[PDB]
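Shown here: work.cif, mmCIF, C-alpha atoms.
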data_query
loop_
_atom_site.group_PDB
_atom_site.id
_atom_site.type_symbol
_atom_site.label_atom_id
_atom_site.label_comp_id
_atom_site.auth_asym_id
_atom_site.auth_seq_id
_atom_site.Cartn_x
_atom_site.Cartn_y
_atom_site.Cartn_z
ATOM 1 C CA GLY A 1 23.092 -0.029 -16.240
ATOM 2 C CA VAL A 2 22.925 1.747 -12.884
ATOM 3 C CA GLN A 3 24.604 0.285 -9.810
ATOM 4 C CA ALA A 4 22.209 -0.476 -6.961
ATOM 5 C CA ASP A 5 22.323 2.193 -4.237
ATOM 6 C CA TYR A 6 20.685 1.069 -0.985
ATOM 7 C CA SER A 7 21.349 4.283 0.958
ATOM 8 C CA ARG A 8 17.681 5.324 0.755
ATOM 9 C CA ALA A 9 16.542 1.894 1.933
ATOM 10 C CA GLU A 10 19.022 2.111 4.803
ATOM 11 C CA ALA A 11 17.709 5.581 5.682
ATOM 12 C CA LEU A 12 14.106 4.396 5.861
ATOM 13 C CA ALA A 13 15.121 1.382 7.953
ATOM 14 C CA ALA A 14 16.919 3.732 10.385
ATOM 15 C CA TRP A 15 13.886 6.062 10.525
ATOM 16 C CA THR A 16 10.700 4.050 10.949
ATOM 17 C CA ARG A 17 9.343 3.185 14.390
ATOM 18 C CA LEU A 18 6.749 0.702 13.146
ATOM 19 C CA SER A 19 6.865 -2.955 14.147
ATOM 20 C CA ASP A 20 7.950 -5.696 11.762
ATOM 21 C CA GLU A 21 4.252 -6.601 11.612
ATOM 22 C CA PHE A 22 3.083 -3.153 10.486
ATOM 23 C CA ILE A 23 5.943 -2.916 7.977
ATOM 24 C CA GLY A 24 4.967 -6.318 6.611
ATOM 25 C CA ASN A 25 1.359 -5.187 6.269
ATOM 26 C CA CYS A 26 2.499 -2.121 4.303
ATOM 27 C CA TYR A 27 4.686 -4.299 2.090
ATOM 28 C CA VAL A 28 1.843 -6.711 1.314
ATOM 29 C CA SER A 29 -0.341 -3.809 0.186
ATOM 30 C CA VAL A 30 2.155 -1.984 -2.044
ATOM 31 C CA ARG A 31 4.126 -4.962 -3.461
ATOM 32 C CA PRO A 32 3.946 -5.164 -7.283
ATOM 33 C CA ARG A 33 3.725 -8.609 -8.803
ATOM 34 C CA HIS A 34 7.387 -8.677 -9.851
ATOM 35 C CA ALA A 35 8.533 -8.150 -6.254
ATOM 36 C CA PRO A 36 8.890 -11.143 -3.896
ATOM 37 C CA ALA A 37 6.084 -11.871 -1.468
ATOM 38 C CA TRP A 38 6.560 -10.869 2.160
ATOM 39 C CA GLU A 39 7.267 -14.473 3.248
ATOM 40 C CA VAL A 40 10.050 -14.728 0.663
ATOM 41 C CA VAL A 41 11.583 -11.566 2.118
ATOM 42 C CA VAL A 42 11.209 -12.904 5.679
ATOM 43 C CA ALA A 43 12.878 -16.196 4.753
ATOM 44 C CA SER A 44 15.670 -14.319 2.949
ATOM 45 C CA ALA A 45 16.545 -11.736 5.620
ATOM 46 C CA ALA A 46 19.897 -12.690 7.128
ATOM 47 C CA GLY A 47 20.028 -9.461 9.154
ATOM 48 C CA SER A 48 17.489 -6.654 9.540
ATOM 49 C CA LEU A 49 14.108 -7.719 8.157
ATOM 50 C CA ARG A 50 12.929 -4.159 7.522
ATOM 51 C CA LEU A 51 16.187 -3.392 5.716
ATOM 52 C CA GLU A 52 15.746 -6.513 3.572
ATOM 53 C CA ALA A 53 12.212 -5.419 2.620
ATOM 54 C CA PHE A 54 13.311 -1.895 1.762
ATOM 55 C CA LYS A 55 16.188 -3.197 -0.342
ATOM 56 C CA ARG A 56 13.708 -5.319 -2.295
ATOM 57 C CA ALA A 57 11.450 -2.280 -2.665
ATOM 58 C CA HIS A 58 14.417 -0.368 -4.076
ATOM 59 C CA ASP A 59 15.278 -3.242 -6.437
ATOM 60 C CA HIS A 60 11.729 -3.324 -7.792
ATOM 61 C CA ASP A 61 11.097 0.442 -7.932
ATOM 62 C CA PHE A 62 8.454 0.754 -5.223
ATOM 63 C CA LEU A 63 10.393 2.108 -2.242
ATOM 64 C CA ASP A 64 8.665 5.466 -2.751
ATOM 65 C CA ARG A 65 5.241 3.807 -2.455
ATOM 66 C CA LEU A 66 6.357 1.768 0.551
ATOM 67 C CA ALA A 67 7.756 4.917 2.199
ATOM 68 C CA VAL A 68 4.422 6.685 1.669
ATOM 69 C CA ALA A 69 2.616 3.733 3.260
ATOM 70 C CA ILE A 70 4.951 3.738 6.248
ATOM 71 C CA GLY A 71 4.533 7.507 6.590
ATOM 72 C CA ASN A 72 0.756 7.149 6.544
ATOM 73 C CA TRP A 73 0.806 4.661 9.408
ATOM 74 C CA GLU A 74 3.312 6.757 11.351
ATOM 75 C CA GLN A 75 1.038 9.777 10.868
ATOM 76 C CA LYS A 76 -1.788 7.761 12.411
ATOM 77 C CA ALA A 77 0.556 7.030 15.333
ATOM 78 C CA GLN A 78 1.059 10.824 15.674
ATOM 79 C CA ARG A 79 4.631 10.856 14.407
ATOM 80 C CA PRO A 80 5.394 14.585 13.957
ATOM 81 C CA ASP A 81 4.570 15.827 10.471
ATOM 82 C CA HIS A 82 8.011 17.281 9.807
ATOM 83 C CA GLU A 83 9.663 13.943 10.631
ATOM 84 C CA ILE A 84 7.427 12.165 8.122
ATOM 85 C CA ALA A 85 8.290 14.872 5.587
ATOM 86 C CA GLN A 86 12.006 14.502 6.355
ATOM 87 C CA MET A 87 11.740 10.784 5.643
ATOM 88 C CA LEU A 88 9.820 11.402 2.417
ATOM 89 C CA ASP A 89 12.391 14.005 1.367
ATOM 90 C CA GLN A 90 15.235 11.540 1.984
ATOM 91 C CA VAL A 91 13.634 8.541 0.233
ATOM 92 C CA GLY A 92 12.733 10.351 -3.009
ATOM 93 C CA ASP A 93 11.011 9.129 -6.167
ATOM 94 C CA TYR A 94 10.939 5.770 -7.992
ATOM 95 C CA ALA B 4 -18.460 10.830 -13.116
ATOM 96 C CA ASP B 5 -18.545 7.203 -14.272
ATOM 97 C CA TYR B 6 -17.714 5.084 -11.211
ATOM 98 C CA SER B 7 -18.094 1.741 -13.027
ATOM 99 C CA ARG B 8 -14.589 0.598 -12.084
ATOM 100 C CA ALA B 9 -14.874 1.565 -8.411
ATOM 101 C CA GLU B 10 -18.273 -0.125 -8.283
ATOM 102 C CA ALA B 11 -16.883 -3.314 -9.827
ATOM 103 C CA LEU B 12 -14.066 -3.508 -7.286
ATOM 104 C CA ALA B 13 -16.580 -2.929 -4.481
ATOM 105 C CA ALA B 14 -18.642 -5.903 -5.657
ATOM 106 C CA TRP B 15 -15.671 -8.143 -6.433
ATOM 107 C CA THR B 16 -13.766 -7.960 -3.157
ATOM 108 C CA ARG B 17 -14.412 -10.353 -0.289
ATOM 109 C CA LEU B 18 -12.258 -8.418 2.177
ATOM 110 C CA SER B 19 -13.633 -6.919 5.366
ATOM 111 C CA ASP B 20 -13.967 -3.170 5.839
ATOM 112 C CA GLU B 21 -10.982 -3.410 8.198
ATOM 113 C CA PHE B 22 -8.702 -4.935 5.568
ATOM 114 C CA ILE B 23 -9.960 -2.509 2.900
ATOM 115 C CA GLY B 24 -9.265 0.386 5.251
ATOM 116 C CA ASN B 25 -5.782 -0.955 5.934
ATOM 117 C CA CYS B 26 -5.110 -1.101 2.182
ATOM 118 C CA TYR B 27 -6.415 2.440 1.762
ATOM 119 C CA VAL B 28 -4.177 3.801 4.531
ATOM 120 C CA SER B 29 -1.144 2.221 2.892
ATOM 121 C CA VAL B 30 -1.746 3.406 -0.676
ATOM 122 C CA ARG B 31 -3.447 6.794 -0.147
ATOM 123 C CA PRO B 32 -1.441 9.721 -1.581
ATOM 124 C CA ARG B 33 -1.322 13.000 0.278
ATOM 125 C CA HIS B 34 -3.836 14.712 -2.015
ATOM 126 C CA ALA B 35 -6.431 12.062 -1.182
ATOM 127 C CA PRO B 36 -8.565 12.247 1.984
ATOM 128 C CA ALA B 37 -7.392 10.199 4.927
ATOM 129 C CA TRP B 38 -9.244 6.983 5.693
ATOM 130 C CA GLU B 39 -10.942 8.574 8.710
ATOM 131 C CA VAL B 40 -12.157 11.388 6.447
ATOM 132 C CA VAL B 41 -13.567 8.800 4.024
ATOM 133 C CA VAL B 42 -15.272 6.893 6.846
ATOM 134 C CA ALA B 43 -16.754 10.135 8.173
ATOM 135 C CA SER B 44 -18.006 11.117 4.709
ATOM 136 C CA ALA B 45 -19.495 7.741 3.747
ATOM 137 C CA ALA B 46 -23.301 7.671 3.829
ATOM 138 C CA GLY B 47 -23.681 4.314 2.066
ATOM 139 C CA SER B 48 -21.240 1.501 1.349
ATOM 140 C CA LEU B 49 -17.878 2.260 2.944
ATOM 141 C CA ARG B 50 -15.834 0.304 0.397
ATOM 142 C CA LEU B 51 -17.662 2.020 -2.459
ATOM 143 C CA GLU B 52 -16.861 5.431 -0.954
ATOM 144 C CA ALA B 53 -13.175 4.520 -0.590
ATOM 145 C CA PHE B 54 -12.977 3.227 -4.149
ATOM 146 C CA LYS B 55 -14.711 6.323 -5.534
ATOM 147 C CA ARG B 56 -12.120 8.502 -3.783
ATOM 148 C CA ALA B 57 -9.343 6.322 -5.176
ATOM 149 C CA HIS B 58 -10.848 6.843 -8.626
ATOM 150 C CA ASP B 59 -11.152 10.601 -8.077
ATOM 151 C CA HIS B 60 -7.520 10.894 -6.999
ATOM 152 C CA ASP B 61 -5.997 8.522 -9.570
ATOM 153 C CA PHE B 62 -4.900 5.685 -7.308
ATOM 154 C CA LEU B 63 -7.640 3.071 -7.790
ATOM 155 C CA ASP B 64 -5.132 0.910 -9.684
ATOM 156 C CA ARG B 65 -2.746 0.898 -6.716
ATOM 157 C CA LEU B 66 -5.618 0.237 -4.316
ATOM 158 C CA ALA B 67 -6.799 -2.623 -6.556
ATOM 159 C CA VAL B 68 -3.312 -4.163 -6.429
ATOM 160 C CA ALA B 69 -3.351 -3.945 -2.621
ATOM 161 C CA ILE B 70 -6.794 -5.564 -2.501
ATOM 162 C CA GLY B 71 -5.641 -8.328 -4.824
ATOM 163 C CA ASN B 72 -2.535 -8.944 -2.721
ATOM 164 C CA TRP B 73 -4.580 -9.540 0.419
ATOM 165 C CA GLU B 74 -7.091 -11.656 -1.513
ATOM 166 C CA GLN B 75 -4.143 -13.723 -2.761
ATOM 167 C CA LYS B 76 -3.136 -14.370 0.839
ATOM 168 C CA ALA B 77 -6.725 -15.522 1.438
ATOM 169 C CA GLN B 78 -6.366 -17.992 -1.487
ATOM 170 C CA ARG B 79 -8.575 -16.101 -3.927
ATOM 171 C CA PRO B 80 -8.114 -17.894 -7.277
ATOM 172 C CA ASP B 81 -5.361 -16.343 -9.387
ATOM 173 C CA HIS B 82 -7.577 -15.832 -12.423
ATOM 174 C CA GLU B 83 -10.190 -13.982 -10.365
ATOM 175 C CA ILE B 84 -7.520 -11.570 -9.121
ATOM 176 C CA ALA B 85 -6.355 -11.100 -12.723
ATOM 177 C CA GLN B 86 -9.935 -10.516 -13.909
ATOM 178 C CA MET B 87 -10.348 -7.794 -11.292
ATOM 179 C CA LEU B 88 -7.053 -6.151 -12.230
ATOM 180 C CA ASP B 89 -8.075 -6.077 -15.900
ATOM 181 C CA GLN B 90 -11.433 -4.477 -15.096
ATOM 182 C CA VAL B 91 -9.927 -1.709 -12.918
ATOM 183 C CA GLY B 92 -7.351 -0.658 -15.505
ATOM 184 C CA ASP B 93 -4.671 2.002 -15.200
ATOM 185 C CA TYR B 94 -4.600 5.410 -13.490
#
Any chance you could put this one into C-alpha cells?
Amino acid sequence: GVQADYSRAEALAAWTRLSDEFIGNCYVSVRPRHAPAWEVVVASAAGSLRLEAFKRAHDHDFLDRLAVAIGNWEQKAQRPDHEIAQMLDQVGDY
Amino acid sequence: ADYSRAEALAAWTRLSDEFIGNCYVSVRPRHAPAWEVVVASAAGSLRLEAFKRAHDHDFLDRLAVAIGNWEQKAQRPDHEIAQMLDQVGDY
C-alpha cells in the first residue's frame, strides 16, 4: 500500500482563513459516508481541529472536494483568486 | 433534458433555501454557475433551479450527498436518506 502523506492536509490547514464553524459546515456537506461525522472529528482532535478534519479528508479521499468547498467560501469572502488557485494547485486531486 | 432526478430531490428535501444554498456553495465545481448566479437566474423554485444546474454540470450526486448529510443532522430517517440517494443516482 501507499504510506499516508499529510503534507497537503497541512498545507490547506496553514492556508485557510475560515473559522472552525465554516470549515465544519464545508466538511458536513462534502463528507462521504465512510468518513467520520464532524462531531467525531471534533471529539478526536487533540491539536488543530482544521488539521484533524483535513487529515480525515485525506484518509478518505475527499480532501480535493473539501478544498474546493473551502475555496468557494473564501471566494465569497473576496480572497484573491490567485491565492485560491495556489491552494487548489497545492492540494491536488483525490 | 430529463430533469426527473433534480425534480425528485427538490420535492424530497425538507431543508430551507439557505441550507440548500450553503450545500451548493460547498459542492459547486468551477464550471458550474455560482450560487448567486443561480439565484439571479431562477424564475421559479430556487431549489429546482439549483438541482437542474447540478444535473447539467454533473454534480447532482455530490449535491444530493450534501443534502442528505444535513438532513441526517436534522434526524431525517436513515432509510429516507437512502431512498433519495438511490433515486438521484451517479454522475
Under the PyMOL selection byres ((chain A) within 6 of (chain B)), which residues of this model are included? Write them out as a PyMOL selection string. chain A and resi 26+29-30+69
Tell me, as an mmCIF file with C-alpha atoms, in the frame of the given file, which residues lie within 12 Å of residue 75 (chain B), counting all atoms listed in the file; anything in the same chain fewer than 6 positions away does not count.
data_model
loop_
_atom_site.group_PDB
_atom_site.id
_atom_site.type_symbol
_atom_site.label_atom_id
_atom_site.label_comp_id
_atom_site.auth_asym_id
_atom_site.auth_seq_id
_atom_site.Cartn_x
_atom_site.Cartn_y
_atom_site.Cartn_z
ATOM 1 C CA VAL A 28 1.843 -6.711 1.314
ATOM 2 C CA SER A 29 -0.341 -3.809 0.186
ATOM 3 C CA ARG A 33 3.725 -8.609 -8.803
ATOM 4 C CA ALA A 37 6.084 -11.871 -1.468
ATOM 5 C CA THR B 16 -13.766 -7.960 -3.157
ATOM 6 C CA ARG B 17 -14.412 -10.353 -0.289
ATOM 7 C CA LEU B 18 -12.258 -8.418 2.177
ATOM 8 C CA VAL B 68 -3.312 -4.163 -6.429
ATOM 9 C CA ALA B 69 -3.351 -3.945 -2.621
ATOM 10 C CA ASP B 81 -5.361 -16.343 -9.387
ATOM 11 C CA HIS B 82 -7.577 -15.832 -12.423
ATOM 12 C CA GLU B 83 -10.190 -13.982 -10.365
ATOM 13 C CA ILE B 84 -7.520 -11.570 -9.121
ATOM 14 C CA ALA B 85 -6.355 -11.100 -12.723
#
Residue members of the PyMOL selection byres ((chain A and resi 57) around 10) in the file shown, as number ranges by chain: A: 6, 9, 27, 30-32, 35-36, 51-56, 58-67, 94
Let me make sure I understand: among A:34, A:12, A:49, A:19, which one has the smallest atom-to-atom distance to residue 83 (chain A) if we use all atoms listed in the file? A:12
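Across A:45, A:91, A:23, A:40, the tightest approach to residue 74 (chain A) is made by A:23 when counting all atoms listed in the file.
Atom to atom, CA of residue 78 (chain B) and CA of residue 15 (chain B) stand 14.4 Å apart.
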Rounded to one decimal, what separation in Å do you get between CA of residue 38 (chain A) and CA of residue 77 (chain A)? 23.0 Å
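The interatomic distance for the pair CA of residue 62 (chain B) and CA of residue 80 (chain B) works out to 23.8 Å.
You can rank B:11, B:34, B:22, B:4 by their closest distance to residue 74 (chain B) using only C-alpha atoms, and at the top of that list sits B:22.
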Residue nearest residue 77 (chain B) among B:52, B:63, B:19, B:5 (counting only C-alpha atoms): B:19
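When all atoms listed in the file are used to compute distances to residue 71 (chain A), the closest of the residues A:18, A:11, A:2, A:42 turns out to be A:18.
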Taking (-14.2, -4.3, -14.1) in the file's own coordinates, collect the residues within 7 Å, counting only C-alpha atoms, and hand them back as a compact mmCIF listing (two decimals) with C-alpha atoms, in the frame of the given file.
# COMPACT_ATOMS: atom_id res chain seq x y z
CA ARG B 8 -14.59 0.60 -12.08
CA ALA B 11 -16.88 -3.31 -9.83
CA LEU B 12 -14.07 -3.51 -7.29
CA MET B 87 -10.35 -7.79 -11.29
CA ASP B 89 -8.07 -6.08 -15.90
CA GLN B 90 -11.43 -4.48 -15.10
CA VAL B 91 -9.93 -1.71 -12.92
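If you measure from each of B:40, B:14, B:45, B:35 to residue 59 (chain B) using all atoms listed in the file, the closest one turns out to be B:35.
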Your completed region 19-43 of chain B with N, CA, C and O atoms, as a PDB file, in the coordinates of the input:
ATOM      1  N   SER B  19     -12.901  -7.677   4.376  1.00  0.00           N
ATOM      2  CA  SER B  19     -13.633  -6.919   5.366  1.00  0.00           C
ATOM      3  C   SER B  19     -13.340  -5.424   5.221  1.00  0.00           C
ATOM      4  O   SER B  19     -12.348  -5.013   4.615  1.00  0.00           O
ATOM      5  N   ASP B  20     -14.229  -4.609   5.794  1.00  0.00           N
ATOM      6  CA  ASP B  20     -13.967  -3.170   5.839  1.00  0.00           C
ATOM      7  C   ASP B  20     -12.628  -2.873   6.500  1.00  0.00           C
ATOM      8  O   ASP B  20     -11.937  -1.920   6.114  1.00  0.00           O
ATOM      9  N   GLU B  21     -12.249  -3.660   7.515  1.00  0.00           N
ATOM     10  CA  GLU B  21     -10.982  -3.410   8.198  1.00  0.00           C
ATOM     11  C   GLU B  21      -9.801  -3.603   7.253  1.00  0.00           C
ATOM     12  O   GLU B  21      -8.889  -2.771   7.199  1.00  0.00           O
ATOM     13  N   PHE B  22      -9.803  -4.695   6.487  1.00  0.00           N
ATOM     14  CA  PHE B  22      -8.702  -4.935   5.568  1.00  0.00           C
ATOM     15  C   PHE B  22      -8.710  -3.926   4.423  1.00  0.00           C
ATOM     16  O   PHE B  22      -7.643  -3.513   3.954  1.00  0.00           O
ATOM     17  N   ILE B  23      -9.897  -3.529   3.949  1.00  0.00           N
ATOM     18  CA  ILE B  23      -9.960  -2.509   2.900  1.00  0.00           C
ATOM     19  C   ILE B  23      -9.411  -1.193   3.425  1.00  0.00           C
ATOM     20  O   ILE B  23      -8.635  -0.508   2.744  1.00  0.00           O
ATOM     21  N   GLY B  24      -9.803  -0.823   4.645  1.00  0.00           N
ATOM     22  CA  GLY B  24      -9.265   0.386   5.251  1.00  0.00           C
ATOM     23  C   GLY B  24      -7.761   0.330   5.415  1.00  0.00           C
ATOM     24  O   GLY B  24      -7.062   1.314   5.165  1.00  0.00           O
ATOM     25  N   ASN B  25      -7.232  -0.832   5.811  1.00  0.00           N
ATOM     26  CA  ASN B  25      -5.782  -0.955   5.934  1.00  0.00           C
ATOM     27  C   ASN B  25      -5.087  -0.773   4.588  1.00  0.00           C
ATOM     28  O   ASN B  25      -4.040  -0.124   4.511  1.00  0.00           O
ATOM     29  N   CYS B  26      -5.654  -1.329   3.514  1.00  0.00           N
ATOM     30  CA  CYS B  26      -5.110  -1.101   2.182  1.00  0.00           C
ATOM     31  C   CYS B  26      -5.135   0.376   1.831  1.00  0.00           C
ATOM     32  O   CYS B  26      -4.172   0.907   1.265  1.00  0.00           O
ATOM     33  N   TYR B  27      -6.262   1.036   2.117  1.00  0.00           N
ATOM     34  CA  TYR B  27      -6.415   2.440   1.762  1.00  0.00           C
ATOM     35  C   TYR B  27      -5.379   3.291   2.485  1.00  0.00           C
ATOM     36  O   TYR B  27      -4.747   4.163   1.873  1.00  0.00           O
ATOM     37  N   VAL B  28      -5.178   3.039   3.780  1.00  0.00           N
ATOM     38  CA  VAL B  28      -4.177   3.801   4.531  1.00  0.00           C
ATOM     39  C   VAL B  28      -2.810   3.659   3.889  1.00  0.00           C
ATOM     40  O   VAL B  28      -2.056   4.637   3.767  1.00  0.00           O
ATOM     41  N   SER B  29      -2.474   2.450   3.443  1.00  0.00           N
ATOM     42  CA  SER B  29      -1.144   2.221   2.892  1.00  0.00           C
ATOM     43  C   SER B  29      -0.955   2.939   1.561  1.00  0.00           C
ATOM     44  O   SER B  29       0.104   3.523   1.316  1.00  0.00           O
ATOM     45  N   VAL B  30      -1.963   2.929   0.686  1.00  0.00           N
ATOM     46  CA  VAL B  30      -1.746   3.406  -0.676  1.00  0.00           C
ATOM     47  C   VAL B  30      -2.152   4.856  -0.887  1.00  0.00           C
ATOM     48  O   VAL B  30      -1.784   5.437  -1.921  1.00  0.00           O
ATOM     49  N   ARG B  31      -2.874   5.461   0.052  1.00  0.00           N
ATOM     50  CA  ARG B  31      -3.447   6.794  -0.147  1.00  0.00           C
ATOM     51  C   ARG B  31      -2.360   7.846  -0.341  1.00  0.00           C
ATOM     52  O   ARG B  31      -1.491   7.990   0.529  1.00  0.00           O
ATOM     53  N   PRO B  32      -2.383   8.605  -1.430  1.00  0.00           N
ATOM     54  CA  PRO B  32      -1.441   9.721  -1.581  1.00  0.00           C
ATOM     55  C   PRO B  32      -1.918  10.935  -0.798  1.00  0.00           C
ATOM     56  O   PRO B  32      -3.068  11.029  -0.377  1.00  0.00           O
ATOM     57  N   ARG B  33      -1.004  11.895  -0.619  1.00  0.00           N
ATOM     58  CA  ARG B  33      -1.322  13.000   0.278  1.00  0.00           C
ATOM     59  C   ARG B  33      -2.513  13.822  -0.204  1.00  0.00           C
ATOM     60  O   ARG B  33      -3.260  14.368   0.618  1.00  0.00           O
ATOM     61  N   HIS B  34      -2.726  13.913  -1.513  1.00  0.00           N
ATOM     62  CA  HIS B  34      -3.836  14.712  -2.015  1.00  0.00           C
ATOM     63  C   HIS B  34      -5.171  13.987  -1.898  1.00  0.00           C
ATOM     64  O   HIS B  34      -6.208  14.561  -2.244  1.00  0.00           O
ATOM     65  N   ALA B  35      -5.170  12.753  -1.406  1.00  0.00           N
ATOM     66  CA  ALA B  35      -6.431  12.062  -1.182  1.00  0.00           C
ATOM     67  C   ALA B  35      -6.828  12.143   0.290  1.00  0.00           C
ATOM     68  O   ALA B  35      -5.962  12.192   1.172  1.00  0.00           O
ATOM     69  N   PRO B  36      -8.128  12.153   0.588  1.00  0.00           N
ATOM     70  CA  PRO B  36      -8.565  12.247   1.984  1.00  0.00           C
ATOM     71  C   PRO B  36      -8.131  11.039   2.795  1.00  0.00           C
ATOM     72  O   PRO B  36      -8.099   9.910   2.302  1.00  0.00           O
ATOM     73  N   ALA B  37      -7.787  11.291   4.054  1.00  0.00           N
ATOM     74  CA  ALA B  37      -7.392  10.199   4.927  1.00  0.00           C
ATOM     75  C   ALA B  37      -8.555   9.235   5.122  1.00  0.00           C
ATOM     76  O   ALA B  37      -9.725   9.585   4.961  1.00  0.00           O
ATOM     77  N   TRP B  38      -8.215   7.997   5.483  1.00  0.00           N
ATOM     78  CA  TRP B  38      -9.244   6.983   5.693  1.00  0.00           C
ATOM     79  C   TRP B  38     -10.329   7.471   6.647  1.00  0.00           C
ATOM     80  O   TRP B  38     -11.521   7.288   6.387  1.00  0.00           O
ATOM     81  N   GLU B  39      -9.935   8.114   7.758  1.00  0.00           N
ATOM     82  CA  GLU B  39     -10.942   8.574   8.710  1.00  0.00           C
ATOM     83  C   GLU B  39     -11.842   9.641   8.101  1.00  0.00           C
ATOM     84  O   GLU B  39     -13.025   9.727   8.446  1.00  0.00           O
ATOM     85  N   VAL B  40     -11.313  10.445   7.179  1.00  0.00           N
ATOM     86  CA  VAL B  40     -12.157  11.388   6.447  1.00  0.00           C
ATOM     87  C   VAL B  40     -13.151  10.645   5.564  1.00  0.00           C
ATOM     88  O   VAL B  40     -14.331  11.006   5.488  1.00  0.00           O
ATOM     89  N   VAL B  41     -12.690   9.590   4.883  1.00  0.00           N
ATOM     90  CA  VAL B  41     -13.567   8.800   4.024  1.00  0.00           C
ATOM     91  C   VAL B  41     -14.665   8.137   4.847  1.00  0.00           C
ATOM     92  O   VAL B  41     -15.844   8.163   4.480  1.00  0.00           O
ATOM     93  N   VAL B  42     -14.287   7.524   5.972  1.00  0.00           N
ATOM     94  CA  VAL B  42     -15.272   6.893   6.846  1.00  0.00           C
ATOM     95  C   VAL B  42     -16.304   7.915   7.298  1.00  0.00           C
ATOM     96  O   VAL B  42     -17.511   7.656   7.278  1.00  0.00           O
ATOM     97  N   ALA B  43     -15.839   9.100   7.703  1.00  0.00           N
ATOM     98  CA  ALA B  43     -16.754  10.135   8.173  1.00  0.00           C
ATOM     99  C   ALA B  43     -17.697  10.585   7.065  1.00  0.00           C
ATOM    100  O   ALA B  43     -18.875  10.864   7.315  1.00  0.00           O
TER     101      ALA B  43
END
